[PDB]
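Here is the file work35.cif (mmCIF, C-alpha atoms and all ligand atoms).
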data_my_file
loop_
_atom_site.group_PDB
_atom_site.id
_atom_site.type_symbol
_atom_site.label_atom_id
_atom_site.label_comp_id
_atom_site.auth_asym_id
_atom_site.auth_seq_id
_atom_site.Cartn_x
_atom_site.Cartn_y
_atom_site.Cartn_z
ATOM 1 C CA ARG C 1 -14.878 15.223 35.519
ATOM 2 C CA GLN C 2 -11.102 14.998 35.471
ATOM 3 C CA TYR C 3 -10.067 12.921 32.483
ATOM 4 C CA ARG C 4 -6.671 11.223 32.339
ATOM 5 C CA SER C 5 -3.873 11.539 29.757
ATOM 6 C CA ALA C 6 -0.524 9.727 29.249
ATOM 7 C CA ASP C 7 2.871 10.987 28.019
ATOM 8 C CA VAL C 8 6.305 9.308 28.077
ATOM 9 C CA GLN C 9 7.953 12.744 28.431
ATOM 10 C CA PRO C 10 8.805 14.440 31.728
ATOM 11 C CA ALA C 11 6.565 16.723 33.761
ATOM 12 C CA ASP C 12 7.987 19.978 32.406
ATOM 13 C CA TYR C 13 8.240 18.945 28.737
ATOM 14 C CA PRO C 14 6.479 21.022 26.080
ATOM 15 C CA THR C 15 4.030 18.239 25.141
ATOM 16 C CA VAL C 16 2.914 17.872 28.766
ATOM 17 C CA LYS C 17 2.527 21.646 29.283
ATOM 18 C CA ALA C 18 0.519 21.876 26.021
ATOM 19 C CA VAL C 19 -2.078 19.343 27.199
ATOM 20 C CA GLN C 20 -2.183 21.070 30.593
ATOM 21 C CA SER C 21 -2.928 24.345 28.753
ATOM 22 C CA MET C 22 -5.736 22.593 26.890
ATOM 23 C CA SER C 23 -7.132 21.474 30.256
ATOM 24 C CA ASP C 24 -7.001 25.020 31.571
ATOM 25 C CA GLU C 25 -8.928 26.270 28.527
ATOM 26 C CA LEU C 26 -11.583 23.572 28.850
ATOM 27 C CA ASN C 27 -11.897 24.148 32.591
ATOM 28 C CA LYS C 28 -12.638 27.818 31.918
ATOM 29 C CA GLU C 29 -15.024 27.332 28.957
ATOM 30 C CA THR C 30 -16.977 24.497 30.625
ATOM 31 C CA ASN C 31 -16.986 26.120 34.084
ATOM 32 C CA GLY C 32 -15.255 23.162 35.743
ATOM 33 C CA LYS C 33 -17.051 20.363 33.917
ATOM 34 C CA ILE C 34 -14.052 19.140 31.903
ATOM 35 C CA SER C 35 -10.367 19.037 32.803
ATOM 36 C CA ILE C 36 -7.442 16.759 32.048
ATOM 37 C CA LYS C 37 -4.718 15.480 34.314
ATOM 38 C CA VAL C 38 -1.494 14.420 32.627
ATOM 39 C CA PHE C 39 0.536 11.468 33.834
ATOM 40 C CA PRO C 40 4.048 11.983 32.490
ATOM 41 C CA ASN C 41 7.307 10.002 32.500
ATOM 42 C CA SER C 42 5.700 6.746 31.241
ATOM 43 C CA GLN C 43 3.847 6.371 34.559
ATOM 44 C CA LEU C 44 0.939 4.755 32.737
ATOM 45 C CA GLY C 45 3.033 2.716 30.316
ATOM 46 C CA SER C 46 4.819 2.641 26.992
ATOM 47 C CA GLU C 47 3.405 4.259 23.844
ATOM 48 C CA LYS C 48 2.482 0.801 22.558
ATOM 49 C CA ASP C 49 0.576 -0.089 25.725
ATOM 50 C CA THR C 50 -1.077 3.309 26.283
ATOM 51 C CA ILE C 51 -2.472 3.385 22.764
ATOM 52 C CA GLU C 52 -4.155 0.045 23.608
ATOM 53 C CA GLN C 53 -5.546 1.558 26.840
ATOM 54 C CA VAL C 54 -7.172 4.339 24.783
ATOM 55 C CA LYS C 55 -8.699 1.857 22.328
ATOM 56 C CA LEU C 56 -10.226 0.030 25.302
ATOM 57 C CA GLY C 57 -11.463 3.232 26.949
ATOM 58 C CA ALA C 58 -9.134 2.562 29.902
ATOM 59 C CA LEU C 59 -7.334 5.826 29.173
ATOM 60 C CA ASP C 60 -9.082 9.015 28.055
ATOM 61 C CA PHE C 61 -6.379 11.036 26.259
ATOM 62 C CA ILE C 62 -2.956 10.301 24.894
ATOM 63 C CA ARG C 63 -0.025 12.296 23.496
ATOM 64 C CA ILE C 64 2.035 9.892 21.362
ATOM 65 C CA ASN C 65 4.448 9.942 18.419
ATOM 66 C CA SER C 66 3.072 9.228 14.944
ATOM 67 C CA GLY C 67 5.950 6.790 14.583
ATOM 68 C CA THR C 68 4.167 4.409 16.982
ATOM 69 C CA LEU C 69 0.540 5.398 16.181
ATOM 70 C CA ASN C 70 1.091 4.238 12.592
ATOM 71 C CA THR C 71 0.876 0.663 13.866
ATOM 72 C CA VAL C 72 -2.852 1.345 14.235
ATOM 73 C CA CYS C 73 -3.705 4.210 11.841
ATOM 74 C CA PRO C 74 -2.254 3.762 8.316
ATOM 75 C CA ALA C 75 -2.467 7.452 7.382
ATOM 76 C CA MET C 76 -0.040 8.188 10.223
ATOM 77 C CA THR C 77 2.734 6.534 8.218
ATOM 78 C CA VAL C 78 2.708 9.459 5.798
ATOM 79 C CA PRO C 79 4.217 12.161 8.078
ATOM 80 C CA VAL C 80 6.759 9.630 9.456
ATOM 81 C CA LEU C 81 8.319 9.009 6.045
ATOM 82 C CA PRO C 82 12.003 9.889 5.816
ATOM 83 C CA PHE C 83 13.011 13.116 4.068
ATOM 84 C CA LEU C 84 9.408 13.963 3.199
ATOM 85 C CA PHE C 85 9.301 17.529 4.522
ATOM 86 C CA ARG C 86 11.820 20.171 3.383
ATOM 87 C CA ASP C 87 11.915 21.838 6.793
ATOM 88 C CA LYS C 88 9.873 22.817 9.876
ATOM 89 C CA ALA C 89 7.868 25.526 8.100
ATOM 90 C CA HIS C 90 6.813 23.040 5.337
ATOM 91 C CA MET C 91 5.704 20.498 7.944
ATOM 92 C CA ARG C 92 3.795 23.029 10.023
ATOM 93 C CA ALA C 93 1.907 24.330 7.000
ATOM 94 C CA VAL C 94 0.989 20.806 5.884
ATOM 95 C CA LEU C 95 -0.112 19.546 9.304
ATOM 96 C CA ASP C 96 -2.107 22.653 10.148
ATOM 97 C CA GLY C 97 -4.088 22.537 6.865
ATOM 98 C CA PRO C 98 -6.473 20.098 5.148
ATOM 99 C CA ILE C 99 -3.840 17.396 4.751
ATOM 100 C CA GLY C 100 -3.262 17.300 8.532
ATOM 101 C CA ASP C 101 -6.976 17.262 9.224
ATOM 102 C CA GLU C 102 -7.393 14.366 6.748
ATOM 103 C CA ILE C 103 -4.703 12.357 8.525
ATOM 104 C CA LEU C 104 -6.211 13.038 11.971
ATOM 105 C CA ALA C 105 -9.656 11.935 10.740
ATOM 106 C CA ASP C 106 -8.219 8.491 9.709
ATOM 107 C CA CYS C 107 -7.896 7.428 13.366
ATOM 108 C CA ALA C 108 -11.573 7.474 14.331
ATOM 109 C CA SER C 109 -12.476 4.150 12.724
ATOM 110 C CA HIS C 110 -9.804 2.557 14.940
ATOM 111 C CA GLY C 111 -11.381 3.848 18.184
ATOM 112 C CA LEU C 112 -9.234 6.969 18.563
ATOM 113 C CA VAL C 113 -10.186 10.508 17.667
ATOM 114 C CA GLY C 114 -7.225 12.529 16.368
ATOM 115 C CA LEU C 115 -7.328 16.096 17.740
ATOM 116 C CA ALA C 116 -4.000 17.820 16.977
ATOM 117 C CA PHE C 117 -0.400 17.480 15.818
ATOM 118 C CA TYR C 118 2.490 18.701 17.988
ATOM 119 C CA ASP C 119 6.014 19.372 16.717
ATOM 120 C CA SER C 120 8.815 16.897 17.286
ATOM 121 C CA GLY C 121 11.701 18.467 15.355
ATOM 122 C CA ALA C 122 13.779 16.112 13.237
ATOM 123 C CA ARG C 123 15.120 12.810 14.499
ATOM 124 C CA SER C 124 18.889 12.207 14.182
ATOM 125 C CA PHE C 125 21.219 9.330 15.080
ATOM 126 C CA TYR C 126 23.285 9.304 18.222
ATOM 127 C CA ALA C 127 25.703 6.645 19.384
ATOM 128 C CA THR C 128 28.533 5.643 21.674
ATOM 129 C CA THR C 129 30.981 6.123 18.784
ATOM 130 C CA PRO C 130 30.973 8.889 16.146
ATOM 131 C CA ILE C 131 28.777 8.206 13.135
ATOM 132 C CA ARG C 132 30.531 10.352 10.501
ATOM 133 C CA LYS C 133 29.015 8.706 7.396
ATOM 134 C CA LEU C 134 26.357 6.115 6.644
ATOM 135 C CA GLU C 135 28.991 3.359 6.493
ATOM 136 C CA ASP C 136 29.723 3.934 10.196
ATOM 137 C CA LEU C 137 26.229 2.624 11.086
ATOM 138 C CA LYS C 138 26.958 -0.793 9.603
ATOM 139 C CA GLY C 139 26.215 -3.507 12.164
ATOM 140 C CA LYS C 140 25.333 -1.023 14.922
ATOM 141 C CA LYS C 141 22.568 -1.954 17.338
ATOM 142 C CA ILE C 142 20.221 1.005 17.111
ATOM 143 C CA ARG C 143 17.100 1.341 19.227
ATOM 144 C CA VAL C 144 13.865 2.309 17.510
ATOM 145 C CA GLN C 145 10.224 2.839 18.491
ATOM 146 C CA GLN C 146 7.988 -0.233 18.673
ATOM 147 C CA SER C 147 6.733 0.068 15.104
ATOM 148 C CA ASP C 148 7.725 -1.950 12.047
ATOM 149 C CA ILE C 149 8.600 0.879 9.682
ATOM 150 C CA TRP C 150 11.680 1.695 11.807
ATOM 151 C CA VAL C 151 12.863 -1.942 11.768
ATOM 152 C CA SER C 152 12.669 -1.880 7.963
ATOM 153 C CA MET C 153 14.429 1.478 7.877
ATOM 154 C CA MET C 154 17.393 0.298 9.977
ATOM 155 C CA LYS C 155 17.809 -2.762 7.749
ATOM 156 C CA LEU C 156 18.033 -0.535 4.681
ATOM 157 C CA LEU C 157 20.694 1.551 6.471
ATOM 158 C CA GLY C 158 22.753 -1.537 7.318
ATOM 159 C CA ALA C 159 22.027 -1.344 11.045
ATOM 160 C CA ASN C 160 20.284 -3.746 13.422
ATOM 161 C CA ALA C 161 17.062 -2.427 14.914
ATOM 162 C CA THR C 162 16.141 -3.082 18.539
ATOM 163 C CA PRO C 163 12.594 -1.911 19.229
ATOM 164 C CA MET C 164 11.907 -0.966 22.832
ATOM 165 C CA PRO C 165 9.895 1.498 24.904
ATOM 166 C CA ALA C 166 11.252 5.016 25.462
ATOM 167 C CA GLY C 167 11.769 4.412 29.197
ATOM 168 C CA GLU C 168 14.218 1.533 28.582
ATOM 169 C CA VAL C 169 16.576 3.317 26.169
ATOM 170 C CA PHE C 170 19.003 4.934 28.646
ATOM 171 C CA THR C 171 19.461 1.609 30.418
ATOM 172 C CA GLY C 172 20.194 -0.116 27.087
ATOM 173 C CA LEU C 173 22.823 2.469 26.139
ATOM 174 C CA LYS C 174 24.511 2.139 29.565
ATOM 175 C CA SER C 175 24.327 -1.661 29.610
ATOM 176 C CA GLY C 176 25.680 -2.251 26.092
ATOM 177 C CA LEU C 177 22.447 -3.793 24.830
ATOM 178 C CA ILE C 178 22.323 -1.031 22.184
ATOM 179 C CA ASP C 179 25.011 1.198 20.654
ATOM 180 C CA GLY C 180 22.720 4.098 19.833
ATOM 181 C CA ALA C 181 19.253 5.452 19.054
ATOM 182 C CA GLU C 182 17.665 8.400 17.187
ATOM 183 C CA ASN C 183 15.650 11.403 18.266
ATOM 184 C CA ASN C 184 15.252 15.145 18.401
ATOM 185 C CA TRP C 185 17.340 17.501 20.561
ATOM 186 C CA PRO C 186 14.931 17.840 23.519
ATOM 187 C CA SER C 187 14.555 14.051 23.828
ATOM 188 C CA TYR C 188 18.305 13.387 23.523
ATOM 189 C CA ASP C 189 18.632 15.827 26.475
ATOM 190 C CA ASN C 190 15.616 14.994 28.638
ATOM 191 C CA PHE C 191 15.865 11.166 28.482
ATOM 192 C CA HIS C 192 19.552 11.669 29.512
ATOM 193 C CA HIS C 193 20.764 9.779 26.459
ATOM 194 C CA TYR C 194 23.540 12.314 25.855
ATOM 195 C CA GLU C 195 25.209 11.059 29.031
ATOM 196 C CA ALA C 196 25.699 7.621 27.511
ATOM 197 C CA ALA C 197 25.931 8.268 23.742
ATOM 198 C CA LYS C 198 27.952 11.454 23.292
ATOM 199 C CA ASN C 199 28.026 11.666 19.478
ATOM 200 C CA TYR C 200 24.990 13.232 17.787
ATOM 201 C CA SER C 201 24.932 13.127 13.980
ATOM 202 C CA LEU C 202 22.510 15.400 12.067
ATOM 203 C CA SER C 203 20.951 12.805 9.756
ATOM 204 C CA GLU C 204 17.559 14.463 10.269
ATOM 205 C CA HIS C 205 15.994 11.350 8.717
ATOM 206 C CA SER C 206 12.388 11.780 9.909
ATOM 207 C CA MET C 207 10.145 14.592 11.155
ATOM 208 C CA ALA C 208 7.505 12.220 12.602
ATOM 209 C CA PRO C 209 5.222 14.551 14.533
ATOM 210 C CA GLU C 210 3.344 14.001 17.782
ATOM 211 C CA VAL C 211 -0.413 13.435 17.944
ATOM 212 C CA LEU C 212 -2.933 14.214 20.685
ATOM 213 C CA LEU C 213 -5.952 11.876 20.672
ATOM 214 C CA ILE C 214 -9.035 11.082 22.734
ATOM 215 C CA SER C 215 -10.769 7.713 23.183
ATOM 216 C CA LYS C 216 -13.681 7.556 20.747
ATOM 217 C CA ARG C 217 -15.833 5.971 23.450
ATOM 218 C CA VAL C 218 -15.164 8.958 25.713
ATOM 219 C CA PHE C 219 -15.560 11.583 22.940
ATOM 220 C CA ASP C 220 -18.948 10.088 22.045
ATOM 221 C CA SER C 221 -20.129 10.653 25.626
ATOM 222 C CA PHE C 222 -19.551 14.398 25.233
ATOM 223 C CA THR C 223 -22.317 16.763 24.292
ATOM 224 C CA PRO C 224 -21.988 18.173 20.766
ATOM 225 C CA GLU C 225 -20.917 21.543 22.242
ATOM 226 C CA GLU C 226 -18.280 19.867 24.384
ATOM 227 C CA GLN C 227 -16.895 18.084 21.300
ATOM 228 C CA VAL C 228 -16.418 21.411 19.528
ATOM 229 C CA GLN C 229 -14.809 22.876 22.662
ATOM 230 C CA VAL C 230 -12.389 19.939 22.937
ATOM 231 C CA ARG C 231 -11.304 20.143 19.298
ATOM 232 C CA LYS C 232 -10.799 23.920 19.541
ATOM 233 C CA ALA C 233 -8.786 23.700 22.767
ATOM 234 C CA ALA C 234 -6.620 21.024 21.144
ATOM 235 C CA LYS C 235 -5.970 23.192 18.075
ATOM 236 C CA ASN C 236 -5.237 26.258 20.234
ATOM 237 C CA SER C 237 -2.684 24.248 22.179
ATOM 238 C CA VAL C 238 -0.559 23.659 19.039
ATOM 239 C CA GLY C 239 0.657 27.289 18.895
ATOM 240 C CA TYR C 240 1.330 27.247 22.652
ATOM 241 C CA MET C 241 3.270 24.043 22.302
ATOM 242 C CA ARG C 242 5.324 25.354 19.388
ATOM 243 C CA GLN C 243 6.536 28.396 21.307
ATOM 244 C CA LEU C 244 7.779 26.181 24.136
ATOM 245 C CA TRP C 245 9.249 23.700 21.653
ATOM 246 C CA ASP C 246 11.327 26.100 19.587
ATOM 247 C CA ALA C 247 13.006 27.371 22.771
ATOM 248 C CA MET C 248 13.663 23.876 24.072
ATOM 249 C CA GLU C 249 15.422 22.769 20.885
ATOM 250 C CA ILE C 250 17.849 25.639 21.568
ATOM 251 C CA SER C 251 18.359 25.112 25.277
ATOM 252 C CA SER C 252 18.661 21.316 24.929
ATOM 253 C CA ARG C 253 21.273 21.555 22.183
ATOM 254 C CA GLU C 254 23.218 24.066 24.296
ATOM 255 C CA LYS C 255 23.057 21.901 27.391
ATOM 256 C CA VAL C 256 24.350 18.750 25.730
ATOM 257 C CA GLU C 257 27.105 20.618 23.877
ATOM 258 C CA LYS C 258 28.262 22.129 27.187
ATOM 259 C CA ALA C 259 28.323 18.614 28.607
ATOM 260 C CA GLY C 260 30.829 17.604 25.897
ATOM 261 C CA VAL C 261 28.721 16.070 23.116
ATOM 262 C CA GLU C 262 30.222 16.140 19.632
ATOM 263 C CA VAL C 263 27.705 17.413 17.082
ATOM 264 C CA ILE C 264 28.461 15.835 13.732
ATOM 265 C CA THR C 265 27.546 17.114 10.283
ATOM 266 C CA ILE C 266 26.870 14.188 7.960
ATOM 267 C CA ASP C 267 26.262 13.660 4.230
ATOM 268 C CA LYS C 268 22.548 12.864 4.027
ATOM 269 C CA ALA C 269 22.482 11.785 0.373
ATOM 270 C CA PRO C 270 23.400 8.137 1.048
ATOM 271 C CA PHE C 271 20.727 7.971 3.758
ATOM 272 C CA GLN C 272 18.064 9.373 1.428
ATOM 273 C CA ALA C 273 18.978 6.948 -1.349
ATOM 274 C CA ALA C 274 18.987 3.948 1.022
ATOM 275 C CA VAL C 275 15.525 4.512 2.536
ATOM 276 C CA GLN C 276 13.585 5.255 -0.688
ATOM 277 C CA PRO C 277 12.172 1.665 -0.854
ATOM 278 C CA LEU C 278 10.209 2.363 2.343
ATOM 279 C CA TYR C 279 7.725 4.600 0.533
ATOM 280 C CA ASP C 280 6.249 1.928 -1.730
ATOM 281 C CA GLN C 281 6.721 -0.799 0.885
ATOM 282 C CA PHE C 282 4.699 0.983 3.610
ATOM 283 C CA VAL C 283 2.322 3.309 1.712
ATOM 284 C CA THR C 284 0.094 1.242 -0.520
ATOM 285 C CA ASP C 285 -3.286 3.054 -0.381
ATOM 286 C CA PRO C 286 -3.789 5.205 -3.530
ATOM 287 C CA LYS C 287 -5.421 7.951 -1.403
ATOM 288 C CA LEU C 288 -2.253 8.186 0.728
ATOM 289 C CA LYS C 289 0.054 8.062 -2.294
ATOM 290 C CA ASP C 290 -1.864 11.048 -3.695
ATOM 291 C CA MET C 291 -1.472 12.774 -0.346
ATOM 292 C CA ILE C 292 2.313 12.314 -0.541
ATOM 293 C CA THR C 293 2.297 13.914 -4.015
ATOM 294 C CA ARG C 294 0.408 16.891 -2.586
ATOM 295 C CA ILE C 295 2.774 17.182 0.373
ATOM 296 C CA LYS C 296 5.858 17.045 -1.869
ATOM 297 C CA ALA C 297 4.337 19.905 -3.883
ATOM 298 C CA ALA C 298 3.088 22.079 -0.964
HETATM 299 O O1 LIG K 301 11.520 7.650 20.521
HETATM 300 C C1 LIG K 301 10.583 7.670 21.361
HETATM 301 O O2 LIG K 301 10.177 6.683 22.003
HETATM 302 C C2 LIG K 301 10.073 9.056 21.760
HETATM 303 O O3 LIG K 301 10.511 9.991 20.775
HETATM 304 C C3 LIG K 301 10.082 11.364 21.146
HETATM 305 O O4 LIG K 301 10.544 12.213 20.079
HETATM 306 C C4 LIG K 301 8.595 11.420 21.230
HETATM 307 O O5 LIG K 301 8.311 12.718 21.765
HETATM 308 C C5 LIG K 301 8.095 10.435 22.259
HETATM 309 O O6 LIG K 301 6.646 10.549 22.186
HETATM 310 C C6 LIG K 301 8.534 9.004 21.891
HETATM 311 O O7 LIG K 301 7.999 8.606 20.613
HETATM 312 CL CL CL K 302 29.362 5.966 3.889
HETATM 313 CL CL CL K 303 7.378 4.006 24.698
#
Let me see the file written as structure tokens.
Ligand SMILES: O=C(O)[C@H]1O[C@@H](O)[C@H](O)[C@@H](O)[C@H]1O
Ligand SMILES: [Cl-]
Ligand SMILES: [Cl-]
Amino acid sequence: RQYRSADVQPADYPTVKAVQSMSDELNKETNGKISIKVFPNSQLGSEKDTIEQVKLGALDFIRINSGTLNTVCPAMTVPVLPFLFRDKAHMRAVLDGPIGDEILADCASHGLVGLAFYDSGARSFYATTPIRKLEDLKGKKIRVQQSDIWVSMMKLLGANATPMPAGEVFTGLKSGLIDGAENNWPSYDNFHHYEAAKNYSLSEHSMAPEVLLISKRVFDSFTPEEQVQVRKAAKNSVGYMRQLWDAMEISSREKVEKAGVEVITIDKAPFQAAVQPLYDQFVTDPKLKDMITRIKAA
């Protein structure tokens, strides 16, 4: 059985290679019984639409950002929150441990089994003009993921959110529909956004990680041994992914700088102050508020 998985990222991207590595492991351990074919580059649809396919059992696996998954699974809002993690090492420790496992377990009741977190760096603003301070964002049309938290966030920052699928963003930057967007270094590179919006400002305002999930309907068809094998292959793929990822952050930043991008250092304090209301607005469950307390102290 060759199961199917979706990713908006290109064929050679670390998230795609990670799931392919998981497939290789499963193919070996199950002696051909289970493998996974990845369909990259939004071939199967947007993140919004592919998450619905998984809920319906129309799609077996999905690799999506938590910043869209949190439309369905409330716990996924927690790791999206701006300025929550101190740095990459803090995030990795949290997501690899009990807190990460607790968040992944939240998805099952919604028809999706959470299997692993993949790194996504920190998301930063980029635009067709240089954003040198928060005030420079005022009135700008900034694309966000199709998830309400980001609309609220842009409002607090004085910008105008335009939610749209990942595959439409380059076109919007070239057409004038949007003035900018926000993402990590490998995405700024690999979606070609740097060609159209040549000013990248290190706001580092979210570390929203990626999530790999399986349809609950499909998972439930697996033997108990197969379920253990799938979870273990998913966890093993995190370390594989991270090695590819850390190199790509370097090579992508180098590539776009060579192409003429201005990399802008920006005072984050006004951003942090502006977005604080999001925490109580979007995280209302006492269990999740306690989780945030534990994360802040980890
Ligand atoms: O902004 C987006 O649409 C994209 O951002 C990337 O960082 C993430 O890897 C994609 O899964 C998608 O969420
Ligand atoms: Cl300012
Ligand atoms: Cl999308």
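Proximal residues of ligand LIG 301 (chain K) are residues 64, 65, 120, 145, 165, 166, 183, 184 and 187 of chain C, by a cut-off of 6 Å on all atoms listed in the file.
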Compare C:298, C:26, C:264, C:105 by their minimum atom-to-atom distance to residue 202 of chain C, counting all atoms listed in the file, and give me the closest one.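 Ranking C:298, C:26, C:264, C:105 by distance to residue 202 of chain C, first place goes to C:264.
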(request) May I have the residues within 9 Å of ligand CL 303 (chain K), computed using all atoms listed in the file, as a PyMOL selection string? (result) chain C and resi 7-8+42+45-50+64+68+145-146+164-168
Hey, can you spit out that residue selection with C-alpha atoms as a compact mmCIF listing (two decimals), in the frame of the given file?
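Output file again.txt is given in full below:
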# COMPACT_ATOMS: atom_id res chain seq x y z
CA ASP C 7 2.87 10.99 28.02
CA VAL C 8 6.30 9.31 28.08
CA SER C 42 5.70 6.75 31.24
CA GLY C 45 3.03 2.72 30.32
CA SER C 46 4.82 2.64 26.99
CA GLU C 47 3.40 4.26 23.84
CA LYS C 48 2.48 0.80 22.56
CA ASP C 49 0.58 -0.09 25.72
CA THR C 50 -1.08 3.31 26.28
CA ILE C 64 2.04 9.89 21.36
CA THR C 68 4.17 4.41 16.98
CA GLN C 145 10.22 2.84 18.49
CA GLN C 146 7.99 -0.23 18.67
CA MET C 164 11.91 -0.97 22.83
CA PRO C 165 9.90 1.50 24.90
CA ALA C 166 11.25 5.02 25.46
CA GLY C 167 11.77 4.41 29.20
CA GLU C 168 14.22 1.53 28.58
_Who sits within 12 Å of residue 44 of chain C, all atoms listed in the file, same chain under 4 positions skipped, as a PyMOL selection string_ = chain C and resi 4-9+38-40+48-54+58-63+167
With C-alpha atoms retained, write the just-selected residues as a tab-separated table (two decimals), in the frame of the given file.
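Full text of selection_19.tsv as output:
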chain	number	residue	atom	x	y	z
C	4	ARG	CA	-6.67	11.22	32.34
C	5	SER	CA	-3.87	11.54	29.76
C	6	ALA	CA	-0.52	9.73	29.25
C	7	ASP	CA	2.87	10.99	28.02
C	8	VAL	CA	6.30	9.31	28.08
C	9	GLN	CA	7.95	12.74	28.43
C	38	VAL	CA	-1.49	14.42	32.63
C	39	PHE	CA	0.54	11.47	33.83
C	40	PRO	CA	4.05	11.98	32.49
C	48	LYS	CA	2.48	0.80	22.56
C	49	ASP	CA	0.58	-0.09	25.72
C	50	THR	CA	-1.08	3.31	26.28
C	51	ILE	CA	-2.47	3.38	22.76
C	52	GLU	CA	-4.16	0.04	23.61
C	53	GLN	CA	-5.55	1.56	26.84
C	54	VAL	CA	-7.17	4.34	24.78
C	58	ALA	CA	-9.13	2.56	29.90
C	59	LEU	CA	-7.33	5.83	29.17
C	60	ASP	CA	-9.08	9.02	28.06
C	61	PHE	CA	-6.38	11.04	26.26
C	62	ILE	CA	-2.96	10.30	24.89
C	63	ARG	CA	-0.02	12.30	23.50
C	167	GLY	CA	11.77	4.41	29.20
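The space separating atom CA of residue 82 of chain C from atom CA of residue 212 of chain C comes to 21.5 Å.
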**Item:** Matched chain/residue IDs from the PyMOL selection byres (((chain C and resi 156) around 12) and not hetatm), as a PyMOL selection string
**Value:** chain C and resi 134-135+137-139+149-155+157-161+270-278+281
key: Interatomic distance (Å, one decimal) between atom CA of residue 131 of chain C and atom CA of residue 263 of chain C   =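 So the answer is 10.1 Å.
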